[PDB]
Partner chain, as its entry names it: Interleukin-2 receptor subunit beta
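In structure tokens, one chain follows: the form solved without its partner chain.
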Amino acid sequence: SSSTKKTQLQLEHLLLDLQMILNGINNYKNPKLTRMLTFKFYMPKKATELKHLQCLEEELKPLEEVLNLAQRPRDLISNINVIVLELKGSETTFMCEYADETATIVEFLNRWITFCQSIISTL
């Protein structure tokens, strides 16, 4: 169908966005980089379905905050939330369960990139 292709493209949109953020870190200078890597993110116990994207949405402000510190962030984050909403819908309710261990921004992005890739692969 073309509804499934819509979902694929939205996931690819989210994935590229997250990948662009990750790639940007490679240029940050040490003082900045060192500080930025001590800012913790919460990781979901489980993220294998679209509804789990809520656990990424919840961590979007913290993502925006740390990114403002290291620089338009408001615009990119808002675009990610728009895609997140389009992908999961607002009808599904879900309560995020986070692991005990928090993660760096690099680990947080890698996990959500893997997530996007994973859903793509199933369709």
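Residue numbers count along the first chain shown, from 1.
Coverage remark for residue 29: absent from the model in at least one third of the other entries compared whose chains are built on both sides. Per the records, residue 91 is among the residues left out by at least a third of the other compared entries, whereas the shown structure includes it.
Per the record, residue 30 and residue 31 are directly connected, as no deposited residue between them is missing from the model.
Per the PDB record, of the two stretches 87-95 and 56-64, 87-95 carries the greater mean B-factor over its C-alpha atoms. Mean CA temperature factor is higher for 97-105 when stretches 97-105 and 7-15 are set side by side in the entry.
Per the deposited record, 70 carries the highest C-alpha B-factor of all listed residues (70, 82, 50, 43). In the PDB entry, residue 118 places in the middle third of its chain by CA B-factor.
This next part talks about the form deposited with its partner chain bound, which is not shown.
Interface membership of residue 83, defined by any non-hydrogen atom within 4.5 Å of its partner chain in the bound PDB entry, is confirmed. The partner is not shown here, but in the bound PDB entry the stretch 4-26 reaches within 4.5 angstroms of its partner chain through a heavy atom at 9, 10, 12, 13, 16, 17, 20.
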